[PDB]
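Report on one structure; see the data block that follows.
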Amino acid sequence: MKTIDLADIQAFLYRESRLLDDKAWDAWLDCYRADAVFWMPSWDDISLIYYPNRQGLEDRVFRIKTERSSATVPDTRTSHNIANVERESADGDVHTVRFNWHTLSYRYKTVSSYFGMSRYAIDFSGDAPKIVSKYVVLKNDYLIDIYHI
Amino acid sequence: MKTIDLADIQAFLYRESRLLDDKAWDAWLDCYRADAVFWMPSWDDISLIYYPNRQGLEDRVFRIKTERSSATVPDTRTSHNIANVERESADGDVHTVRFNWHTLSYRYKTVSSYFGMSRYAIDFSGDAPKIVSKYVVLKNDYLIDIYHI
Amino acid sequence: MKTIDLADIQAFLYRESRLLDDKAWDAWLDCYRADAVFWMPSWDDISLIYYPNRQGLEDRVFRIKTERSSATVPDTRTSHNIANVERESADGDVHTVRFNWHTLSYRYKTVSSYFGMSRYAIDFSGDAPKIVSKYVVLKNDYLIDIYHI
């Protein structure tokens, strides 16, 4: 049995979000299982982002790399802040947690905040954890990319 | 003996604040002992909120429900972020902790931040924890309701 | 052997930052080894702060005390929020960690945010932990003092 606790899960969440903040896009993608679903719903009061597997995320990372390859200073500096992590369930080595988050983002003169809640299912059966499903609720919805969430 | 550690306390703090963010007002009230004191002092440089028992909080929740029962979209979305949790004392099954917090709030176009420190005494003697005392220092004091703190 | 885990490190980080938020300047200085190096680099796209030992920090605390000794209300209220703490290495009783942070600051009408990442090396060999090295990356760099970071 793999014994996985909240601290193990938090360590993974901190690493995953660090890989975005540090623009380590390939390492970041490797935190996701090839069959990972990634879903940020719209508020109907149609998703903001939906990918049924990781390929969609790979393509989006390709777009980000392409945009950045021409781009000059100032860059966008981001800082993820993962809070209030609660374990919801475990099914074998697949662990489901929810958490609140607040990403601060800065380029040049202006700071932007994005905040909300996320639910992750994470497969700990391999030597490195792998996200099986990501669900993101953006609360300040009225652009946003994957490196903000 | 109930052995209660910081993680158990954090789990409770995350749940309590989640019940506000998710507008689960009755479940939220049940995190508080009937004799709970709830105090957010004013800065004299008279409280912003004071209740000597839970009844005052029940009445305030009634007011919130009444306001919401007519209200249309956009709603106010809140996100609590509990940080820097330190245990201060334990007396039997009553555990006292302090922590910093930052609630982000959004309706329509504008994000609001509230931040400060809180001290909780929490009774873990029952099957579910119960807040015995809540003290809240709002640092950006110059409105605010119970779902922001 | 001193067994030190992430929770022990977090407890220390929370205390150290609390001593700044509560303006306990002498107690704060005592979280730092006399030979502590404190470095907040500039972005070259020359540091914002560099001290090769604690004396520089002592002198800066003296300046802060002098400024405050004449100053009237409203004061500046600060609130540190330490997030995403990851242990990087241990060498004997010296433990190195990185973390993200967001300090909120308020005086009078306006809230200011400072955010970024920090790396600490902390010596746990004595009865009280002592910072041996502090490195701070301020992401929203375009004033700031030691009580903001």
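Could you say which residue among B:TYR106, B:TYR114, B:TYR120 is more than 10 Å from every other protein chain (Cβ to nearest Cβ), among the hydroxyl-bearing types (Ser, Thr, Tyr) and part of a strand (DSSP E or B)? Answer to the selection: B:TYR120. Regarding C:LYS134, is this residue farther than 29 Å from A:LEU13 by Cα and either exposed (fewer than 14 other Cβ atoms within 10 Å of the Cβ) or of a type outside the set (A, V, I, L, M, F, W, C) (or both)? Considered against the rule, which asks whether it is farther than 29 Å from A:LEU13 by Cα and either exposed (fewer than 14 other Cβ atoms within 10 Å of the Cβ) or of a type outside the set (A, V, I, L, M, F, W, C) (or both), C:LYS134 comes out as no.
Taken over the stretch A:123-149, the criterion of being out of contact with any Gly (no Cβ under 6 Å at 6 or more places or on another chain), within 14 Å of chain B (Cβ to nearest Cβ) and of a type in the set (D, E, K, R) is satisfied by A:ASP141 alone. Scanning the stretch B:26-45 for residues that are over 16 Å from B:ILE149 (Cα atoms) and polar (S, T, N, Q) yields a count of 0. Evaluating A:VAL73 against the criteria (1) within 14 Å of another protein chain (Cβ to nearest Cβ); (2) of a type outside the set (S, T, N, Q); (3) in contact with a strand residue (DSSP E or B) (Cβ under 8 Å, 6 or more places away or on another chain) leaves one unmet condition, (3). Which one is nearest to A:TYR114 (Cα to Cα) among residues in the stretch C:123-149 that are in a strand (DSSP E or B) and of a type in the set (D, E, K, R)? Within the stretch C:123-149, the match that is nearest to A:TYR114 (Cα to Cα) is C:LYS134. Exactly one residue among B:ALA27, B:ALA83 is among the aliphatic types (A, V, I, L, M) and either over 24 Å from B:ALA11 (Cα atoms) or outside any helix (DSSP H, G or I) (or both), and that residue is B:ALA83.
Pairing residues of the stretch A:1-23 that are aromatic (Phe, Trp, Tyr) with residues that are part of a loop (DSSP other than H, G, I, E, B), at Cβ distances under 6 Å and at least 6 apart in sequence or on separate chains, gives A:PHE12/A:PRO129. None of C:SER17, C:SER69, C:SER89 is exposed (fewer than 13 other Cβ atoms within 10 Å of the Cβ) and part of a helix (DSSP H, G or I) except C:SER69. The set of residues in the stretch B:86-107 that are among the β-branched types (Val, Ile, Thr) and more than 14 Å from the chain's Cα centre (by Cα) comprises B:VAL94, B:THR96.
Exactly one residue out of C:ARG68, C:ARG54 is basic (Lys, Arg) and in contact with a strand residue (DSSP E or B) (Cβ under 7 Å, 6 or more places away or on another chain): that is C:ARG54.
Readers should treat all values here as calculations from the given coordinates under stated rules, not as data from a laboratory. We place every Cβ from the backbone using ideal geometry, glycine too, and count neighbours over all the protein chains shown.
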